[PDB]
Ligand SMILES: *[C@@H]1O[C@H](CO)[C@@H](O[C@@H]2O[C@H](CO)[C@@H](O[C@@H]3O[C@H](CO[C@H]4O[C@H](CO)[C@@H](O)[C@H](O)[C@@H]4O)[C@@H](O)[C@H](O[C@H]4O[C@H](CO)[C@@H](O)[C@H](O)[C@@H]4O)[C@@H]3O)[C@H](O)[C@H]2NC(C)=O)[C@H](O)[C@H]1NC(C)=O
Ligand SMILES: *[C@@H]1O[C@H](CO)[C@@H](O)[C@H](O)[C@H]1NC(C)=O
Ligand SMILES: *[C@@H]1O[C@H](CO)[C@@H](O)[C@H](O)[C@H]1NC(C)=O
């Protein structure tokens, strides 16, 4: 089916207002109604907007839906942000050529409760000991950041790698900021045949790259 | 209630047409719909006319119904009588003052058919066995007559007996004729003290007598 | 399916319909009524409302136009091309006390021997001088007297608040360096004189819902072939029709089994392509605006 | 009842309502559609049907015919019946025909060849179906004059007077009564009500009863009244006889809605 | 096929109680008003009671009000009549009836078969069977059997145990003021055979289960 | 009121099959189309499959087409999902959802609580511990980072200490990653003075008591 692309994360201070975008990859956004779900961790999801702009009863008017045809997107807008609005938000539409339901990738909304903080990134190459066991793991460690949402991209030389990546969901540490890690599995041969491998971490529009070489 | 009065009995021959009237004692006849039911011996009533003049399907159009304001009456008319038309006919109406369903007393229509036939009468004196147990009954057996009306009268020698008489109603026969039975019971004393007893059967203005004696 | 049971339920609904329409809880008394036949003024009025030409019952009254030898014809004179019909407003107010009570007023004329198309116009008398066209009728010839009926509710409502007010029924005029066609040069237009003269017939008050549903052709049906409109308000009817006496919203037609159904619909024009020539088609009864129990 | 379930079902019913009105088994093939926007001649004709001004089951096709080349006392409008025969090809197909047109004080106009209208200060539409029916049987036109009153005072008679036009046409392209005891359709059935006999009512003096009738029968949707008639009655309150009219008392015909 | 099947009738003495039932089928019973109507043996129809389709409005004839109650169980498609303090005058065939539109407009459109209620003091008894002496063209002869003083009526009579239908006339029973029934049955037979054949008269009384078989012949 | 309770979630060997249930109360379940939606840990919602209220009609996402089958039985007001040839890809929380008019119009009006199915073969297994040799962290701050990689263990937990608890400052042990295989790995890092790397030795003490595994790994520079 088509794709619905949402930003990985948005954040704003309490009382402020924020918008979450939902762009459709192909065909006109007006072909189909768009739905918006809120999901709090541990909870099953609930509706905040349906039929592009309608609120279920009990959903306050701080939640509004809209459609921008000029940019083939749907927007969820939340005004007077409150701590309780922290959740993942999903948009949802329908295709008619796959008779299928399509979801956006989801957006973590953080209601800022402390100053923004950039991640520090440490990248380790595989050890001699792992290589002598015919394996190879690159370890990318990400810490001290707020809000708790990052994107991780790996490169072989300067080419993106997606196979063999596993990245954790960030969680808060004793310092009150977030940490995460991502692991890239290679064969020893891949690790030795490339000039370098990179881990690049995106947070609040900013990227930090670390790179290691045989 | 108010009353609905119909003649007790009408006798007509096949082919002829007959009218059975049903007259309302108080309150205009136009105040309530009138129904008519035919009832054959030993079966439940059916409707021949409802809503003063409507005929249920299956009922031949020989049956018609009417209302006569002048005589405050309703009438069922059966034209071209057939023998199966012999039946009891009840009119029915309704009393708003009492919330009561009102029936007429009914009219036995004897539809003649078949020529007149005189009764046969056997008269049995009390048994050897019955006097032996201090009871004496005379059994007067009337058969093979048509139409089905008789009267029976017993006589103690010459004087008429009313006491101890029980007479059955006429019932249809082997051969669409009619039969009836009368019983007179007395003491052994009264049985042999009188000179002789007689049941005499009157049918269509003619008497047949049978006599038994001690 | 037992029509005899339906008749039973239709009949009992009639009982409720008539009492509720008269805003009575139980049928009224009698016996204060004398025996025998109604007064002929009542029969005339009743016959008038059965002549052929809101939920709650209207009282029907009648006021005949003032007799033609009074001051009618002291001034403007009856004719065969123009007739004049005046009414004593105090009598009108006698039949319908205040104007808010009036629900309908009909001016009734008994048309005579007619043997050619006459086109006539109804006018109201004003201030004390001029006239306002009210309406017109095109009358086919006929050798049978037929009643004409004109709706004059708004005018009579005003009269119910002058003292002598009138109508004029005249002949029509074609207008076209200007030319005009005439009728009035040959030889009474409609019945005046007698007790079938014109009269005002007066009806007066005495002293399940449509649900919104929008259909987007692409979004709901995956339909791209309809180029216009993009969508529409189809709506629909829903809600119960049960059976003091409401009766007016639940079963006003006294059905044996009322249903929530569209009361007023309207069409939907669409533009689409058949082969590759554009079509414009009007589809009837696509949009529900109101519902009723019937 | 869940309103959302019934909404699901109305939606899927619109699918078949539209298609069967067009006598179509499936949406027409649109792989040949001329691309981009749509002709403004078509859209103008769509605009004219959608909007209204002072004014059967199957889809009717809509066609418009403008006018050919006067005062503010009269406006003459002509059309050639050639151009109209191309719109509605044969006269019996004509479903409806309307004439369209486009001030300080009230004025009162007339249509001759018919009707007349009173215009309030500030389009316009006239039903001319019968006139346009016979025109399709060679050049005909419409008269929009002004209105005049005439009467007689002594021997004195008096008279007083105070995007081009377009003809919009719809066309088809190239009620049951039961007396049987058979229920196969929706129909009006006879029912007589006798006030005294059926209701125990003595207080209505005039109509002894009336033919109320009723609707009944299946529909492929309920069988309901289409046309009703009022019932007048006479009764007494105290010593006062009264005539009352009751609306919607008599079922004259039934439909399915 | 509208059907109304009634049950519960029987013999009972005055003061006791019977409950009649009317089992309906072939229609949606719970939409209809239902009635009871009764008919005393040999007499006219008499309306007894009416009940609304849900069961709250019940009306009765004055001859039964306060003694009878009508009711219905609609989940069982059954109509009921509760008869208390039964009197002789209550002896009748009881019919349940469905109105045609409404009884006051179209009368009754369907009647049940009927169930008989007999209110009598008489206790069950078997009959003494006395024979009808043969005597009085002479080429025939009157043979019969008298059966006297029995309570529940239905009683059956045959001759020769079956091989004689030419001549049997069995007469409908009479009811004595005693409260008890009696009947007789006759057979005309050739007097050619009164000196040769032997004519067996059999009579069955199910309520008694007393079957006395008497054979007919003359007396000295 | 309107409720959907699910059951039958569990842990399943990779090639096997479960059947989830979704019992419904509070509404006429017979009249409603029903859906299944799933969510892999940390990832988005993914529509799985749908059925008409009659049986009759069933649609599926490509991701499960030949494998999953929906069924329902209205007599028990219960919706089912026979899953076939499960994978770690299919490891997810499964939701049954009721649509709002229709999923394509108003989305899903109600969801169940979810049941977790984890498709793994992970058996109780101790880690491999690999040293992560120091490299420069901040030249200007004069620090290096070094650590230990505790790879491929099951189940959690694992405890990590440095120099038998004498080293605390600068120690960060990170939350484990749950791999596709059902096994966990974590890392523990120490920020230390880079000028000390020739003098101070650094050993990470790793314990995984589920398998009575204790490992000390010396972490040194390299040539
Ligand atoms: C309001 O409207 C009603 C109905 O339109 C009018 O009622 C009619 O009135 C006339 C007289 O005014 C009635 O005519 C009389 O009919 C008699 C026979 O009546 C029977 O038949 C009719 C149908 O045929 C039944 O409806 C009715 O109930 C009777 O059963 C004649 O015998 C009379 O003739 C005698 O009188 C005339 C003069 O009136 C003489 O010339 C004759 O020689 C003779 O002596 C008479 O013709 C008519 O029956 C009524 N019809 C109905 C349906 O009721 C009202 O008159 C009208 N009232 C007003 C005020 O407008
Ligand atoms: C109007 O009618 C009343 C009562 O019938 C009468 O007294 C009065 O004179 C009439 N008005 C005129 C102006 O004649
Ligand atoms: C029809 O009306 C629309 C307004 O919805 C307008 O934008 C368009 O230009 C109009 N077209 C014509 C031909 O009048």
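We place every Cβ from the backbone using ideal geometry, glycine too, and count neighbours over all the protein chains shown. All of the numbers you see were taken from the coordinates with simple rules; none came from a lab.
Between the C-alpha center of the stretch A:19-91 and that of the stretch B:63-104 there is a gap of 78 Å.
Scaling the Cα radius of gyration of the stretch A:1-101 by the globular reference 2.2 N^0.38 Å produces a ratio of 1.06.
When only alpha carbons are used to place a centre, the stretch C:1-32 and the stretch B:176-208 end up 63 Å from one another. Plainly put, the stretch E:3-119 has a radius of gyration that is 0.94 times its Kirkwood radius, both from alpha-carbon atoms, as the Rg/Rh ratio. Secondary structure note: in the protein assembly as shown, about 95% of the DSSP beta bridges are antiparallel.
In this calculation the C-beta distance from residue D:1 to residue F:82 is compared with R0 = 30 Å, giving a FRET efficiency of 0.35. Rounded if a/c is under 1.5, else prolate if a/b beats b/c, else oblate: with a ≥ b ≥ c from the C-alpha gyration tensor eigenvalues square-rooted, which is the stretch B:41-200? In terms of gyration-tensor shape, prolate. Most simply put, the stretch A:4-111 has about 85% antiparallel DSSP beta bridges, counting only bridges with both residues inside it. The mean number of Cβ atoms from other chains found within 10 Å of a Cβ in peptide D:185-198 is 4, as a whole number. Each part gets one Cα centre, and for the stretch E:168-213 versus the stretch E:114-137 those centres are 10 Å apart. The residues E:36, E:159, when put in order of fewest to most other Cβ atoms within 10 Å, stand as E:159, E:36. Can you tell which of F:90, F:62, F:152 shows the greatest fluctuation in a Gaussian network model of chain F with Cα springs below 10 Å? Among F:90, F:62, F:152, the largest GNM mean-square fluctuation belongs to F:62. Ellipsoid fit via the Cα gyration tensor, chain C: semi-axes of 45, 34, 18 Å, each the root of five times an eigenvalue, largest first. Over chain F, dividing the summed -39,500 (n - 2.57) contributions of all DSSP H runs of at least 4 residues by the number of residues returns a 222 nm mean residue ellipticity of -500 deg cm²/dmol. The stretch D:156-208 gives an Rg/Rh value of 1.46, both radii derived from C-alpha positions and Rh following Kirkwood. Relative contact order for the stretch F:128-219: 34 percent, from Cα pairs under 8 Å spaced at least 6 residues apart, divided by residue count.
Label-point spacing at residue A:171 relative to the other copies reads 10.0 nm, in ascending order, each point sitting 7 Å out from Cα along Cα→Cβ.
Residues of the stretch C:74-115 falling in the label zone of residue C:188, defined by backbone nitrogen less than 15 Å from a point 7 Å along Cα to beta-carbon, are C:77-86, C:109-114.
Average projection, convex hull of the Cα set of the stretch C:57-204: 10.2 square nanometres. By the Cα gyration tensor, the stretch F:128-219 has an equivalent ellipsoid whose semi-axes, rounded to whole angstrom, run 25, 14, 10 from largest to smallest.
Using only the Cα atoms of the stretch B:120-212, build the gyration tensor, take square roots of its eigenvalues as a ≥ b ≥ c, and label the shape rounded, prolate or oblate: rounded if a/c is under 1.5, else prolate if a/b is larger than b/c, else oblate. It comes out prolate by the Cα gyration axes.
Label-to-label distances for residue A:13 across copies, nearest first, come out at 12.2 nm, using points 7 Å from Cα in the beta-carbon direction.
Distances between copies of residue A:206, taken at a point 7 Å out from Cα along the Cα→Cβ vector and listed shortest first: 13.8 nm. Each Cα pair under 8 Å and six or more residues apart adds its separation to the average, and for chain F the resulting relative contact order is 18 percent. Shape annotation for chain F: C-alpha extents along the principal axes are 76, 38, 33 Å, from largest to smallest. As a ratio to 2.2 N^0.38 Å, the alpha-carbon radius of gyration computed for the stretch F:31-70 takes the value 1.25. Quick one: work out the % antiparallel among DSSP beta bridges in the stretch D:177-256, nearest 5. Restricted to the stretch D:177-256, the bridges split so that about 95 percent are antiparallel. Fewest neighbouring Cβ atoms within 10 Å first, the residues C:218, F:30, D:239 line up as D:239, F:30, C:218. For the peptide F:177-183, the mean number of other protein chain Cβ atoms found within 10 angstrom of a residue's Cβ is 3.
Put in line by how crowded their Cβ is, counting other Cβ atoms within 10 Å and starting with the fewest, D:252, C:108 read D:252, C:108. Given axes a ≥ b ≥ c from the Cα gyration tensor, I'd like to know whether the protein assembly as shown is rounded (a/c under 1.5), prolate (a/b larger than b/c) or oblate. It is oblate, given that a/c is not under 1.5 and a/b is not larger than b/c.
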